[PDB]
Each structure stands twice: as C-alpha cells, then as structure tokens.
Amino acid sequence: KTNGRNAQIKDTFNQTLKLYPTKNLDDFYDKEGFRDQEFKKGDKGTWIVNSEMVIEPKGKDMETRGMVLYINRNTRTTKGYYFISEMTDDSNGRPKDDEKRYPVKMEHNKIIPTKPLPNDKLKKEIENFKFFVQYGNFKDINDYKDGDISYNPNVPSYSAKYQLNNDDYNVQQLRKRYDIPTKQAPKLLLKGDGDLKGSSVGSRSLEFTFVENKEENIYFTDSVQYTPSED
C-alpha cells in the first residue's frame, strides 16, 4: 500500500542499503554524502561507521562488542575505538557493570591499535574486525515482502520492519562472525529521522533483531553516516 510517505520512506532507506558492501574503508575518503548548510564551506565531511553485537540472554550476564570509526575526509585520517561492555548482577541483584574501550586508527584498510592490549587474542579480534558495511549485501528494498512501514511526521521519524529467514545472506554472515545463541530468524529494522530527502542532523541505521522481550535481547546494529566534521 503506497499511502502517505511510504514510497519516500522506502526510497531513502534504499539509498542506505546501496552502500552495502563497501569492502575498502579508504573508499569513504572519496565518497561525498548529502550536504546542507551544517557543513562549513571548506569541510568535506566525516563518515562515521559503527557495528555492534548485543547479546543479553535470559537470566545471564549481558555483553556488547563493537567498534566506531570517524573517517575524516579533511585530514584523510581515521580514528575510533573497539569496546567491550559487560553488565552483570551480583547475587543480591546489585549491578556490576563496566565498559572498556581500546583506541584504534585505520590505515590502508587495516585496523591498528594505538595502545597495546592485555592479550594476543583480543589484539587479533581488533585487527581482524570487519564492519557490517564491509560484508553486508541487500536486495532492493522493494524485493523484501510485507514491510511494516511507520511514520511520525512531527519529529519526523520513520521505520521499515521486515521478517527475514535464516537463509538470508546477511543473517548467515552474522551467524558466521558472531556466536548468536538463538535459532530464531531475525527481523530487519530500518530506522531514520530528520528530512526524508536527507539531512546532516538526521540519522539512518539498521538492526537485525533476533530476540526482543522483557527478559532477553539479542540484536545487531549498524550505521554508516555522513556528518559535518569537528573543527
């Protein structure tokens, strides 16, 4: 059904999905996204890339691992960090939570820690890291069936939700790169806000939701966004 802004919503999301894959992160130095007057004249923009695997099983410790990189096209340098967040409850129900960040830089499509690590295995996990934009690959948005499109014109914000099967290319890639403890086929959720044609201030992201209830949350989030740079 093409009511309201459903077609415009699908169109903007297809523009996000078109970026999958971009195997060489250096390519971002030469990609120009959408520009407004939030970019100061001489600023060429920064590409922020972020992938995170959230695994919070029922009745168990919670853990998230991911990375963020800031690809600055002005300086042609890229810095960010890998992180491991852990949230646990001691026997009295008291939180014992932490998050550790390991600074890194990107050079010649390689991930290089800028501080040493506590062990070799973690060093390799950081060096071998691949953002979802480096191996994801979607079909045209319109090829995904029975989409649930939502639109709040006041923000404005929007979303498109689809049920995927376990034979989906992307799902198979996630199960190979991560130890996801759930047989369930995930939903793909596209989210956006700000002008439908695009904006600097606005956001675009995606998620693969394997489980979502009050006791358990297992999901994967990814975003690739063109933003004004820091001065």
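Note that residue numbering begins at 1 and tracks the sequence as displayed.
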query: Of 68-76 and 141-149, the one with larger mean CA B-factor; finding: 141-149
query: Selected stretch [higher average CA B-factor]: 45-53 or 182-190; finding: 182-190
query: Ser200 - which third its CA temperature factor falls in, relative to the rest of the chain; finding: highest
query: CA B-factor placement of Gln134, once the chain's modelled residues are sorted into thirds; finding: lowest
query: Chain third (lowest, middle, highest) by recorded CA B-factor, residue given as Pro113; finding: middle
query: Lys121 CA temperature factor, ranked by third within the chain; finding: highest
query: Cα B factor band for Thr221 (lowest, middle or highest third within the chain); finding: lowest
